[PDB]
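Everything on this sheet refers to the single structure shown next.
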Amino acid sequence: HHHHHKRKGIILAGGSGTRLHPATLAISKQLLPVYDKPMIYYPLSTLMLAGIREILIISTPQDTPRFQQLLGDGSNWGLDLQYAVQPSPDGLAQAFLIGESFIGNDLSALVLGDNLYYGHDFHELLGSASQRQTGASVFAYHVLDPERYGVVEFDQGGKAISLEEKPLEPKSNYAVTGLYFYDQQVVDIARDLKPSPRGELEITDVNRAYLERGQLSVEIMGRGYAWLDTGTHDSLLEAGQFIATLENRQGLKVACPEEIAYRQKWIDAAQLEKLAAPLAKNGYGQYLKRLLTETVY
Amino acid sequence: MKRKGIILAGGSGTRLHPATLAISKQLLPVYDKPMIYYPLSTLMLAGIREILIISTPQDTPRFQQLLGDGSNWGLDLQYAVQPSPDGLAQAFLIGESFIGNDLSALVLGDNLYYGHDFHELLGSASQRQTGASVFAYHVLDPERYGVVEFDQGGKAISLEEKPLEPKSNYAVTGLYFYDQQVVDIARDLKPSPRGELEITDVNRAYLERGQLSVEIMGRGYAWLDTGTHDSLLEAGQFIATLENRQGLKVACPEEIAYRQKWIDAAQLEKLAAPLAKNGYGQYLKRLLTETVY
Amino acid sequence: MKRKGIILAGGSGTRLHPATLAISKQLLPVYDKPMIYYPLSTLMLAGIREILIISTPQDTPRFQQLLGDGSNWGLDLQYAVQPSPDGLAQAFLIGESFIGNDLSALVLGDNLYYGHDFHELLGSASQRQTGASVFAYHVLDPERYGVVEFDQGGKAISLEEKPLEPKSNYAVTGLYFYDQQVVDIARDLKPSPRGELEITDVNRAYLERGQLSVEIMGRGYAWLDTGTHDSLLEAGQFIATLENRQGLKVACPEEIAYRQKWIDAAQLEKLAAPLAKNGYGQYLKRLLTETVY
Amino acid sequence: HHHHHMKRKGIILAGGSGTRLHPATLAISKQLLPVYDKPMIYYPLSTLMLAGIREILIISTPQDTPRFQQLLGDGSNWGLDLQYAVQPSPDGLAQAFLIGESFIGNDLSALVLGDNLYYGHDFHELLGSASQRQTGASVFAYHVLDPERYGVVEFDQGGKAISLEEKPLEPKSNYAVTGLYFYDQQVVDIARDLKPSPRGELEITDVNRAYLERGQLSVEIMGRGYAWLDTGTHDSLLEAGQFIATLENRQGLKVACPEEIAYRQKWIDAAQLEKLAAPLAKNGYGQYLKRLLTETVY
Ligand SMILES: Nc1c(O)n(Cc2ccccc2)c(=O)[nH]c1=O
Ligand SMILES: Nc1c(O)n(Cc2ccccc2)c(=O)[nH]c1=O
Ligand SMILES: Nc1c(O)n(Cc2ccccc2)c(=O)[nH]c1=O
Ligand SMILES: Nc1c(O)n(Cc2ccccc2)c(=O)[nH]c1=O
Ligand SMILES: [Cl-]
Ligand SMILES: [Cl-]
Ligand SMILES: [Cl-]
Ligand SMILES: [Cl-]
C-alpha cells in the first residue's frame, strides 16, 4: 500500500565522441566557456528558471570530477546536485536508465548540456511546462536545417501529428529543442526502447510514445527566442559573440546561476555576498556584488 | 648548436573565473584546436623538436594526455610543474636540467602569432648562437606588458615591466630566444615588488651588455590578445575567418611536422585515421595529395 | 488518536569529516545496518506508521533512495529538507503541514535505545493525549544534554540546555511525545543565545504550563548516541555483542513491521529474497518459521 | 623511435561487494564506509602513496564511481593524479589489468584491494624494496589463522616459494598472499591469456603463478609485527575500527592520513597543507593537519 499526500532535473553532459576533436581532446565540450562562463551554466540556469532544485549531472567517468570541482553538491546555490557517469554514449534516452534511482517516483526534466536558450518571459514559459503534471512537454523552434534534429509535423489546425529523427526530407522546419518535461511514465518508456541503426536509445522514440498516447504537448518557441547549440566550432563562436553582445549592452548576465538562485530566494544576500568574495577582483564577482544594491525589473 | 624549447602554460589565477574554473586557459580552444597547439607550432616553425611543457600541478596530466611524448609528430616532449604562479623567469629554474648546456627558447602558452614567413623570421632569431632575441609589437595598451624604449636612432635603450606611464607603444611579445647564459641569469634574480621572478629582468640583463636583439614585429603581423573573454573571442573569430577563407589551417602541428620532414607520408596517414570522420582528419588526409606553396 | 512521527536526521557539519564526506552520518552503519534504522525502529515500536524524515538538502534524497515510501514495511514515509542546521525545534515548523492537527513524536536520528519492554514504555507515553512526554536517563556527563532537575518528591522543576553547572545527572533523551500545541509553541519561540531554535525551549513551555511528563528511563535500559567516532564504535560493539549472543537482531524494521502485523508472511518472504545471500536475509527467512517469545 | 630521460602506476580495486554486507551497504558502498575516523579507501590509497606511487586508477561500479570522485577528486590537492574506470560486472580481480590496460600503458604497476589495511614499522621501507625491482612481480606473504580464505603460498625447506593456490580447502601453509601486488610490464599480456576459473573469474593467483613459473615472482615475508587486517565483514570492520582507534588515541598520530603522507613525501608543501586544514578546522582531523605544520614527528 502506497500513500499519496517536486520535479527533478537531469543535465546530459556526456561525451560528444570525437566530432570536435582536437579542440575537445583535453576536456568535455560542456566545460568549454561560452563567452564568460562554462557551457554547463546555461542549461543549469534553464532548469533553475523552471523552478527545479534537485539536479543530476550525467557525464563521462573522465570528466565527472571536473564538473564536481566546478559545481560541488549545489549547497552554495540553494540546490542539490548529484552526479552519475555514462561509461559509453549510448543515446539521449539512456539518461532515464542511468537516472532511474535519482528520479524515483517524481516528475522529471531533461536538458542537453550544450543547449543555450535566450528570450523574454522565458522563466514564465518554463513555469507553464513544469506545472503541467501529466504527459510530456517539448518545445518546437523554426530552424534553417531541420534535418539535423527531431522534426515535428503539424496539421492544418496546428496540432502535432508526427515526429521524425533527422529526416532527409523534413516535413517542417520545426525542430524539437533540447529541453524535455516528463511525467512518471518516462523511465518505463525508456526501459522498453531498443537501439536505433546508430546503436542509440533515441529521445524522439520516447516523445513519439507520448504522442501516440495523446499525451505530448508541443509548445512553439517563437522567433523572438534564441535557441542556440554549440554543435560546430563555428556555432560555438557565434554563441559566445551573441552572449557577449547582450551582456555588454545590458550590463546583465545571461545564465548566472548565483543571480538566479538569489532572485528565486534559494539563497539570501548574506550568502550571495560570500559567493562574490573569491571573485571580487574580476568582472563576475563585481557583478554579483552589484546585484545586492540594484533593483532589476 | 642545439636549441631546446619551453612552453610555459601556467596558472592565470582567478582572472577569467568562472570560465577557467574547471580548466586552465591554455587547454581551451581557439576556434578548432587547443590553445597550446599555437605556441607549440611557433616552436616547431623555429625548427625546435625537443620541448618541455610547464603547467600547473593539476593540468600537467591533461597536457601529457593531450600531447604524449611527441614521437607521433617527430617531437621529443617532456613535462614539468610550476607549483605557484611566481613569474615567467621561473621557467629557466624549473627547466634548468632540461636545458643543460644548450641554447633555448621560451614561448608563453597563451601567445598567438599569425603572418607572412614566420618560419623565416623565427629561423633568423634561432640561428643567433649568442645573446638573446625578443620581438617588440605596437599595441594600444602598452601598460599591460614589458615596454621597450628606443632612442632617436631606433636602438633599444630601456625595458620597463607594466609601467604606469609607458615610454612607447611597443610591447615585448611572449616569444624569447636565449643563449647559454639565461639559467645563471635567472638563478640570481630576486622577486619584484609584485613578488615575481620577471622575464623582463632577464631581458634587461642581456640589454645592459648590448646582447639583447629587439626585432620589430611589424603591423602586418598578428599578435593576438588572449588576456580577456572579449579577446579570446576575437582570436577565435580571427583564426576562423583565415581558415574558412583559405581552406588552410593555422598552427596544425601534424602539417608542420610533415612539411619539416619530421614525419613521413605513412605516419601522417596514420595520424589522420582517428579524426577521419571530422574536418581535422579530412584536412590531414588532403595534405598528402595537394601541393601548397 | 493517531500519532505521527518525525525523525530529525540533521546535518553534523564537518564534525565527523572525512568519514562523513564519504556519506552522511545517519547513513553510517551501526554494526550491521544503517544508523537510521534504530530511530525508525523506535517509532515503529511506539506503534507509529506515518513518519516524516527531515534532513539536509543533500542527504534527504539519499534517505529517500534507501527507504522509499515505506510501503515495503507497511509504513507511510515522507521527506522534508532542513536548509540550515538552525535548531531541532525547526522540525515542527518544517513539519507543520505533515503534523496537521494530530499528536506527534520526534526522535533524533543518532539516538539508540535498547531494553526490556521498551515497547511497553513507549505505549504509556504514546497514549497520553494531552501535554508532552520526555524521558530522563542517568548519565555521567550531563553537560552535553538538556538536563532535568527534580525536587524531593521527584517532580520536574527545571530544564537547562547544556548547562555549565548541571543541577542533576539526568539527561533528557532524544525522544519526545507532543500534543497539538507543539506547532504553535515552536512558532512563538525566540531563538536562543546560541542562535538556534532549541527543543529544550519547547519542553520548558510545556513544563511551565504544568503539562510536561518526565518519565524515568531506568539503568536497565541502554540509551546510546552515535554522534562521534568513539561513540559510534562503542555502539557497534554493543549491538554486535547482543546480536551474536542472541542470534536475534536489534532494530530490524522488517521484523518489527511483521511482528506488528503491518506486513504479512508473504510480504516478509519477498523482502528476504533480495537479501538471501547474506545473514540479514537468512535471518528474515528464519523468522517465518521460528517462534520467538 | 623513443627517448629516455621508471614510473609505477597504481590501481585500487574498489569493487561492488554485492549484497554480502546489506543493508549496511544499501546506504553507502563498502570502501566508502569509515574505519574509525576516515573512509576505508584512505587506507589502501595511503599504502600506494607510501610506496611512492602518485598516478592511481580507481576501479569501481558505475554507481560507486561518482561517490569516490566526490570524495577524492582528481587528487591534485594531495599531489596525486587520480583516474577512474568503471567495472560493469564482478568478473574477477585480474580484470583490473584489462579495464586498466590503457592507464598502465607501458609502465610498471601496483594493484591493491580496496578493503585491505596494513600497519607497522617501516612499512614505507618494506614497500620500497618491492617498488624498486623494475622486473618481475612482488607479493607479500603473511601468517594468518584462516589461510583457506586467501591465495596461499607454499615454501620449500630453504624458504623458496614453490606453489600458489587460490582459497584452498586444504592449505599447504598458513601464509596468505596479501592484497597488494607489484608487477612489471608483462602483467597485461599475462592477464589477457587467462580464462574463467571454476568459480567464473579472472583470478590474481593465476597471474602470480605465471610469474612464479618463469622464476620472476618475489615473495617477501610480511612479519608478525605487521598488522594486516581485512575489513570485508561486519565483525572485521568493527575490529579494524577498534584497532585504529586504540593506536590513534594512544599516539595522537593518524594512520593513513593522505594529506600527511603527501606533505612528508614533499608532494605538497606547507602552504597547500594549510589550505586543506582550513575547511576541516572545525574538527579533530583539520586540527590534526594544522598541528603537523608546527610539530616535528620522527
Ligand atoms: N533569463 C534570466 C532571467 O529571467 N533572470 C531573472 C529571474 C530569475 C529568477 C527569478 C526571477 C527573475 C536572471 O536573473 N537571469 C537570466 O538568465
Ligand atoms: N605558419 C605556418 C606555415 O608557414 N606552414 C608552412 C611550413 C611549415 C614548416 C616548414 C615550411 C613551411 C604550415 O604548414 N603551417 C603554418 O601554420
Ligand atoms: N526491541 C525490539 C523488539 O521488542 N522486537 C519484538 C517486537 C516488535 C514489535 C512488536 C512486538 C514485539 C523486535 O522485533 N525488535 C526490537 O528491536
Ligand atoms: N605509515 C605512515 C607513515 O609511515 N607516515 C610517515 C611518513 C610518510 C611518508 C614519508 C615519510 C614518513 C605517515 O605520515 N602516515 C602513515 O600512515
Ligand atoms: Cl524579459
Ligand atoms: Cl606566408
Ligand atoms: Cl524483552
Ligand atoms: Cl615506524
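Below, all heavy atoms of this structure are taken into account, side chains as well, without hydrogens, waters or symmetry copies. In the text below, chain A, chain B and the rest are named by the order of the sequence lines, each starting its count at 1.
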Is the number of heavy atoms from other residues, nucleotides or ligands within 6.0 Å of CZ (D/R264) greater than 12? yes
When every non-hydrogen atom of B/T228 is compared with those of B/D225, the smallest separation belongs to N-OD1, 4.5 Å
ring-ring contact (aromatic ring centres under 6.0 Å, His included) with B/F135: which residues, sequence neighbours excluded? none
Can you check whether B/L287 reaches B/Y283 side chain to side chain, under 4.5 Å on heavy atoms? yes
State, to 0.1 Å, how close B/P29 and A/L32 come at their nearest heavy-atom pair, and which atoms those are. CD-CD2, 3.4 Å
Report yes if some heavy atom in the side chain of B/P34 is under 4.5 Å from a heavy atom in the side chain of B/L66; otherwise report no. yes
Write out all pairs satisfying side-chain hydrogen bond (donor to acceptor under 3.5 Å, both in side chains) with one or both partners inside residues 77-91 of chain B, taking only residues at least two apart or from two chains. B/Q78-D/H5, B/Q82-B/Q90, B/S84-B/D86
Salt bridge (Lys or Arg N to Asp or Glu O under 4.0 Å) pairs touching residues 61-74 of chain B, sequence neighbours excluded, are A/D63-B/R62
Which residues share a ring-ring contact (aromatic ring centres under 6.0 Å, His included) with B/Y137, sequence neighbours left out: B/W223
Residues at least two apart in sequence or cross-chain that pass ring-ring contact (aromatic ring centres under 6.0 Å, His included) with D/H1, listed by chain then number, are D/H3
Minimum-distance pair of heavy atoms, taken over all atoms of B/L284 and B/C252: CD2-SG, 3.6 Å
State, with a plain yes or no, whether a side-chain heavy atom of D/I104 is found less than 4.5 Å away from one of D/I11. yes
Check this for me: B/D264, atom CG, are more than 12 non-hydrogen atoms of other residues, nucleotides or ligands nearer than 6.0 Å? yes
Residues in ring-ring contact (aromatic ring centres under 6.0 Å, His included) with B/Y178, at least two apart? B/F92, B/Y206
Using the test side-chain contact (heavy atoms from CB on, under 4.5 Å), find all partners of B/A235 that sit at least two apart in sequence or belong to another chain. B/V30, B/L112, B/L224
Can you confirm whether more than 12 heavy atoms, excluding those of B/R209, are under 6.0 Å from its CZ atom? no
Taking the side chain as C-beta and beyond, is there a heavy-atom pair between A/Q62 and B/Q65 under 4.5 Å? no
Residue list, side-chain contact (heavy atoms from CB on, under 4.5 Å) with B/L16, at least two apart or on another chain: B/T20, B/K25, B/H229
Can you tell if the side chain of B/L197 reaches within under 4.5 Å of the side chain of B/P191, non-hydrogen atoms only? yes
Who passes salt bridge (charged side-chain N to carboxylate O under 4.0 Å, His left out) against B/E269, sequence neighbours left out? none
So which heavy atom on D/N77 is nearest to which on D/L276, and how close? O-CD1, 3.5 Å
Report the residue from B/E254, B/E255, B/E243 that forms a salt bridge (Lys or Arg N to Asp or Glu O under 4.0 Å) with B/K249. B/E243
Side chain B/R128, main chain B/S133, donor-acceptor under 3.5 Å: no
Heavy-atom count check: over 12 atoms from other residues, nucleotides or ligands less than 6.0 Å from B/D117 CG? yes
Taking atom NZ as the centre, does B/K162 end up with more than 12 heavy-atom neighbours from other residues, nucleotides or ligands that are less than 6.0 angstrom away? yes
Any side-chain heavy atom of A/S28 sitting closer than 4.5 Å to one from A/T60? no
Would you check if D/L80 and D/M49 make a side-chain contact, meaning some heavy-atom pair closer than 4.5 Å? yes
Sorted by chain and residue number, the salt bridge (charged side-chain N to carboxylate O under 4.0 Å, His left out) partners of D/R192 (sequence neighbours excluded) come out as D/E101, D/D189
Grab the two heavy atoms, one from D/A110 and one from D/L48, that are nearest each other, plus how far apart they are. CB-CD2, 4.0 Å
Kindly write out the residues that satisfy side-chain contact (heavy atoms from CB on, under 4.5 Å) with B/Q260, not counting sequence neighbours, or none if the list is empty. B/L45, B/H119, B/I256, B/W262
Do A/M39 and A/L236 pass the side-chain contact (heavy atoms from CB on, under 4.5 Å) test, and can you show the C-alpha distance, the side-chain angles, and the key distance before you say yes or no? CA-CA 10 Å; A/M39 185 182 296; A/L236 170 57; 4.1 Å; yes
Of all residues at least two apart in sequence or in a different chain, which pass the side-chain contact (heavy atoms from CB on, under 4.5 Å) check with B/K2? B/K4, B/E50, B/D102
Got B/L40 and B/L67 here, is their nearest side-chain heavy-atom distance under 4.5 Å? yes
